[PDB]
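Chemist: Before I ask anything, let me first share the structure, which is written out below as structure tokens.
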Amino acid sequence: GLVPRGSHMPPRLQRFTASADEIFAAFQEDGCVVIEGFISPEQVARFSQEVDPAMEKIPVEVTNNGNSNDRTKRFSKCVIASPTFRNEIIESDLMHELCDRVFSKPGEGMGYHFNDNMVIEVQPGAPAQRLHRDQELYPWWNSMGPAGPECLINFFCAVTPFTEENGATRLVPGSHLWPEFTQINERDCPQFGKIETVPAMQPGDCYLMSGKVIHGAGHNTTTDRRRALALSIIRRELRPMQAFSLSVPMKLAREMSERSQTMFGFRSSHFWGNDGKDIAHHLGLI
Amino acid sequence: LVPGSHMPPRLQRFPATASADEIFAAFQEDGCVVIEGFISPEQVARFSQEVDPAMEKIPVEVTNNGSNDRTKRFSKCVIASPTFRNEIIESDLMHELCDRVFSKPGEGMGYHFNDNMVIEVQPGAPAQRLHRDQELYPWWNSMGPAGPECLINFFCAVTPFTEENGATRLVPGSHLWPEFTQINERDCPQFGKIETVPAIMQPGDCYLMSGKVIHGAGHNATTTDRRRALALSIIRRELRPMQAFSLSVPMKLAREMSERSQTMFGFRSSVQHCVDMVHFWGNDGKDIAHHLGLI
Ligand SMILES: C=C1[C@@]2(C)C[C@H]3[C@]4(C)CC[C@@H](O)C(C)(C)[C@H]4CC[C@]3(C)[C@]1(C(=O)OC)C(=O)[C@@](C)(O)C2=O
Ligand SMILES: O=C(O)CCC(=O)C(=O)O
Ligand SMILES: O=C(O)CCC(=O)C(=O)O
Ligand SMILES: [Fe+3]
Ligand SMILES: [Fe+3]
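Residue numbers (this note's numbering), protein chains in the order written: chain A, 1 to 286; chain B, 1001 to 1295.
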């Protein structure tokens, strides 16, 4: 009794803070999954307050250009600006145990690190964002199709509420299993215009989406800044969009755990080394 | 010429004053090509001299496993060698060829440094397993020869490369086989049947090789010869380097670099286009070179 008997049933999008082997199976089966309450209530709140001054000084472009910057604010310096982010959120033992199932291989330590820490605020009346796979960031990955390894996953977390009206993210569950991975336009995608989305949540819930999954922010209302926190995580062989080890000051890196140092590139795992030695030695982190 | 003798595979040779289109054509055909005088004999001799203290402090590891042992590997070339940072990495032919491999229209430099490794193969050192350098990026073989390029190496003779002292063994045209497997008995059907050719070179010569080319260091069967190489390993901007150069190379040395050299070492970003434009290795919407103060 999930849809009225006889109706078309829409692509499946499971919801779940229980077993990691559990959430991981929903990820594998569908390409994405929701984690209701991924960051605590006040945590999501103290976080949003802490980055709000930074958001306040980001001007809004009104361009009708088609870009992803048309009335959408984006801001990446979350570690610099938010103590609760760098002290609490990125230390979710849930994140890591999930990242460990997507990415790490046995006896090789952490096969993952951060790509980005982005706060995305869809301004009211913002055109719906182009449909895309995140792994289009790494242009050849689509050419490996659904059988290729995972390159990227997003812990996409709501900051203000996510509604059909304010432009929450439209997901396409199961698009990680399509036979050919393509750009999503009328020229390159045959299914263009027939692609059945599902809008994605309340402040603190996150959805865990594969980089193979087609998606996009929808159209935005008259006075609702729809604000989100994207934890982009990639495998250790890939380069981050943000140069976090050169902008996050050494002070904050000294306060991080070994594993979070590895996420921001203040520590190696043999990639990102220093002539046969961990880069951590040279940085005065023993 | 040899005498109905079997003629082994051809490794094409060009002087460093040839058309970058002529050299790249060879690279595209065979997957590897020798560039003679890539570095001048005076430049390489100063380089060898400037890194030689660091090389002598490096213990030769001998092991009871015949392991990629008895090979010295040193990567702090920028810190240790003015010739390297002031002249060698400013090779225009090197950047001409990288652009033809990596750089898309309208996205600036599509490449950067993976590594800068002095590789000195010691007397008696055993040969290296046959491998492709793109095995570093483990999904890459699965795209086969149609896959884009992830990596190229400018592998320079610092001291002479001879068949006896362990000059690299290469397989021209292995970037074109229909299936890219690891080269072992389990997965490779040609295992044991693969014909290689050595990179015979004088100091300052180099070969340029695709990550798709099967190759391995040869056995050093001499008693005197420490066979010294300089490997300039260059990858796509989207891939992680093996060296964290921006974190170990001093900022004092960063400020002295040309802007394309800063990009190579991650002191400066490059802009990638997907409708959307994105700084790769950037700082919250701006080139990382602002926060660092490099203009
Ligand atoms: C240029 C962009 C790129 C190429 C990559 C992404 C990307 C790093 C992709 C992976 C994600 O986990 C996440 C949320 C961290 C985004 C953040 C925004 C940008 C940087 C981007 C953007 O800001 O557009 C002006 C885009 O929105 C987009 C969709 O179009 C892109 O595909
Ligand atoms: O803002 C959103 O809801 C989607 C974010 C996204 O997909 C992107 O910017 O790449
Ligand atoms: O030293 C050589 O000639 C081969 C080096 C090589 O192929 C490698 O280290 O990947
Ligand atoms: Fe996206
Ligand atoms: Fe190699």
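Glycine included, each C-beta is placed from N, C-alpha and C at the ideal position.
Mind listing the chain B neighbours of residue 66 of chain A? Cutoff is C-beta to C-beta under 7 Å, in chain order.
Modeler: 1275
Chemist: In the DSSP output, which residue or residues are listed as bridge partners for residue 169 of chain A?
Modeler: A/217
Chemist: What separation, rounded to the nearest whole angstrom, lies between the Cα atoms of residue 1086 of chain B and residue 1235 of chain B?
Modeler: Looking at the two C-alpha atoms, the distance is approximately 21 Å.
Chemist: Using 8 Å as the threshold, is the segment 1122 to 1138 of chain B in touch with the segment 1215 to 1231 of chain B, meaning 3 or more CB pairs across them?
Modeler: yes
Chemist: I'd like the ranges of any alpha helix (DSSP H) spanning at least 4 consecutive residues and lying wholly in the segment 50 to 88 of chain A.
Modeler: 78 to 81, 83 to 87
Chemist: Could you check the C-alpha separation between residue 1071 of chain B and residue 1212 of chain B for me, to the nearest Å?
Modeler: About 23 Å.
Chemist: Taking the continuous beta strand (DSSP E) assigned at residue 114 of chain A, which residues delimit it?
Modeler: Looking at the DSSP string, the run of the beta strand (DSSP E) that includes residue 114 of chain A is 112 to 122.
Chemist: With H, G and I counted as helix, E and B as strand and the rest as coil, what does DSSP make of residue 1174 of chain B?
Modeler: helix
Chemist: Buried or exposed: residue 1258 of chain B, going by 16 or more other Cβ atoms within 10 Å of its Cβ?
Modeler: exposed
Chemist: Measuring alpha carbon to alpha carbon, tell me which of B/1214, B/1240, B/1280, B/1017 ends up nearest residue 990 of chain B.
Modeler: There is simply no residue 990 of chain B to check, as chain B begins at 1001 and stops at 1295 in what is shown.
Chemist: Run through chain B and tell me which residues come within less than 8 Å of residue 271 of chain A, C-beta to C-beta.
Modeler: 1240, 1241, 1242
Chemist: Residue 208 of chain A and residue 153 of chain A: beta carbons closer than 8 Å?
Modeler: By the CB criterion at 8 Å, residue 208 of chain A and residue 153 of chain A fall inside the cutoff.
Chemist: Go through its chain and collect everything with a Cβ distance to residue 289 of chain A's Cβ below 6 Å, but skip five positions before and after it.
Modeler: One cannot answer for residue 289 of chain A here, as it falls past the ends of chain A, which runs 1 to 286.
Chemist: How is residue 1014 of chain B classed by DSSP in three states: helix, strand or coil?
Modeler: strand
Chemist: Give, in chain order, every residue of the segment 1124 to 1145 of chain B whose Cβ lies closer than 7 Å to some Cβ of chain A.
Modeler: 1137, 1139, 1142, 1143
Chemist: Which chain B residues sit within Cβ distance under 8 Å of residue 247 of chain A?
Modeler: 1283, 1284, 1288, 1291
Chemist: Taking 7 Å as the cut-off, is the CB of residue 217 of chain A close to at least one heavy atom of ligand 2?
Modeler: Remark: the C-beta of residue 217 of chain A is in contact range of ligand 2, defined as less than 7 Å to any heavy atom.
Chemist: Which class does residue 1291 of chain B belong to by DSSP, given the choice of helix, strand or coil?
Modeler: helix
Chemist: Could you check which residue in B/1233, B/1197, B/1159, B/1001 has the C-alpha nearest to that of residue 1265 of chain B?
Modeler: B/1233
Chemist: What are the start and end residues of the alpha helix (DSSP H) that includes residue 1107 of chain B?
Modeler: From DSSP, residue 1107 of chain B is part of no alpha helix (DSSP H); its letter is neither H nor E.
Chemist: Using a beta-carbon distance below 8 Å, is residue 236 of chain A in contact with chain B?
Modeler: yes
Chemist: Could you spell out where the alpha helix (DSSP H) holding residue 1036 of chain B opens and where it closes?
Modeler: From DSSP, residue 1036 of chain B is part of no alpha helix (DSSP H) but of the beta strand (DSSP E) over 1032 to 1036.
Chemist: Give me the chain B residues within the contact set of residue 76 of chain A, using Cβ-Cβ distance strictly less than 7 Å, ordered along the chain.
Modeler: 1284
Chemist: Nearest CA to the CA of residue 12 of chain A: which residue from A/26, A/79, A/44, A/67?
Modeler: A/26
Chemist: Roughly how many whole angstroms lie between the Cα atoms of residue 1261 of chain B and residue 239 of chain A?
Modeler: 18 Å
Chemist: What residues in its chain sit with their C-beta under 7 Å from that of residue 41 of chain A, if we drop five residues either side in the sequence?
Modeler: 204
Chemist: If you measure from the beta carbon of residue 1147 of chain B to each beta carbon in chain A, is any gap under 8 Å?
Modeler: yes
Chemist: Helix, strand or coil for residue 208 of chain A per DSSP?
Modeler: strand
Chemist: Where do the N-terminal and C-terminal ends of the beta strand (DSSP E) with residue 1268 of chain B fall, by residue?
Modeler: No beta strand (DSSP E) contains residue 1268 of chain B, which DSSP labels as neither H nor E.
Chemist: If you drop the 5 nearest sequence neighbours on each side, which residues of the same chain put their C-beta closer than 8 Å to that of residue 108 of chain A?
Modeler: 269
Chemist: In chain order, what residues of the same chain have a beta carbon less than 6 Å from the beta carbon of residue 1073 of chain B, not counting five sequence neighbours either side?
Modeler: 1117, 1119
Chemist: Could you have a look at residue 251 of chain A and say whether DSSP puts it in helix, strand or coil?
Modeler: helix
Chemist: Please indicate yes or no: does the CB of residue 243 of chain A lie closer than 7 Å to some heavy atom of ligand 1?
Modeler: No, since every heavy atom of ligand 1 falls outside the 7 Å radius drawn around the Cβ of residue 243 of chain A.
Chemist: Determine the extent of the alpha helix (DSSP H) in which residue 94 of chain A is found, giving its start and end residues.
Modeler: Judged by DSSP secondary structure, residue 94 of chain A falls within the alpha helix (DSSP H) whose first and last residues are 93 to 103.
Chemist: Would you kindly report the start and end of the unbroken beta strand (DSSP E) that includes residue 2 of chain A?
Modeler: Counting along the chain, residue 2 of chain A falls outside any beta strand (DSSP E), and DSSP gives it neither H nor E.
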